[PDB]
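Novice: requesting a structural model of the entry that follows:
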Amino acid sequence: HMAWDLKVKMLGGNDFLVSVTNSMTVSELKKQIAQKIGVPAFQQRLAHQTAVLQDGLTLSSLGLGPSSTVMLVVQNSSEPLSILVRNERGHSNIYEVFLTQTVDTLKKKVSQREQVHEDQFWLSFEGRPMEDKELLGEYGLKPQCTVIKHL
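Specialist: Numbering: from 1, shown residues only. Sure, the structure comes next:
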């Protein structure tokens with residue numbers, strides 16, 4: 001699958017181009033947009049002549065081509081989502097979070113939900129340790145993902 005450039009229209013009038021392939025998912029496309037412009041993936045909401053693109057969807061399945069324009073919309077406030085947090089016992093719990101929030105907020109929530117103090121446990125996602133000040137969206141937090149609680 002030869003790589004071809006794609007035209008992306010950033011609401012406001014600005015447009016650019018990023019190289020993609022016929023068999024590239026929407027996640028990888030938003031990642032390339034993050035590398036080109038700097039807006040993180042979780043803030044990217046994409047639309048192709050008002051069709052709403054979903055992560056995990058081949059560009060060929062959408063039929064869009066190197067004369068097709070995609071509208072990009074940054075989501076300043078994302079609607080909430082649910083994630084799972086295991087323990088040493090492995091019992092997953094449900095937590096409603098916003099991707100624009102800090103990990104310290106989640107640490108406070110689980111800190112008052114299990115009584116463990118903030119400075120006695122640390123959270124990890126996909127093996128990557130979650131920083132205390134970083135936004136959750138910078139970890140690629142999908143709905144119903146599993147966040148692991150340590151210590």
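Novice: list the contacts of the residue nearest to residue 84 when sequence neighbours are not counted.
Specialist: Once flanking residues are discounted, residue 84 sits nearest to residue 92: 4.1 Å by Cβ to Cβ, 6 or more residues apart in numbering. C-betas here are computed from N, CA, C, even on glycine. Neighbour list for residue 92: 84, 85, 86, 146 [criterion: Cβ atoms under 8 Å, 6 or more residues apart in numbering].
Novice: go on, residue 108?
Specialist: By Cβ under 8 Å, 6+ apart, residue 108 lies in contact with residue 118.
Novice: in the helix or strand hosting it, which residues are buried?
Specialist: Using DSSP states H and E, residue 108 falls within helix 103-114. Burial within helix 103-114, assessed by neighbour count using 16 or more other Cβ atoms under 10 Å, is assigned to 103, 106, 107, 110, 111.
Novice: what of stretch 124-132?
Specialist: Neighbour-count burial for stretch 124-132 flags 125, 130 (criterion: 16+ other Cβ under 10 Å).
Novice: one more: stretch 61-71?
Specialist: 64, 70, 71.
Novice: now find how far off-centre it is within its chain.
Specialist: The chain centre lies 22 Å from the centre of stretch 61-71; the measure is Cα atoms, centre = their mean, to the nearest Å.
Novice: for stretch 123-140, same thing?
Specialist: When C-alpha coordinates are averaged (Cα atoms, centre = their mean), stretch 123-140 and its chain have centres 11 Å apart.
Novice: can you give me the end-to-end distance of that stretch?
Specialist: Using Cα to Cα, to the nearest Å, the end-to-end distance of stretch 123-140 comes out at 14 Å.
Novice: before we move on, back to that, let me have the buried residues of stretch 61-71 in a markdown table, extended by distance to residue 2 and secondary structure.
Specialist: Below are these laid out as a markdown table (distance: Cβ to Cβ, whole Å; DSSP: H, G, I helix; E, B strand; the rest coil):
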| residue | distance to residue 2 | secondary structure |
| --- | --- | --- |
| 64 | 15 | coil |
| 70 | 19 | strand |
| 71 | 25 | strand |
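Novice: can you tell me which of these is nearest residue 17?
Specialist: Nearest to residue 17 among the buried residues of stretch 61-71, counting by Cβ to Cβ, is residue 70 at 10.8 Å.
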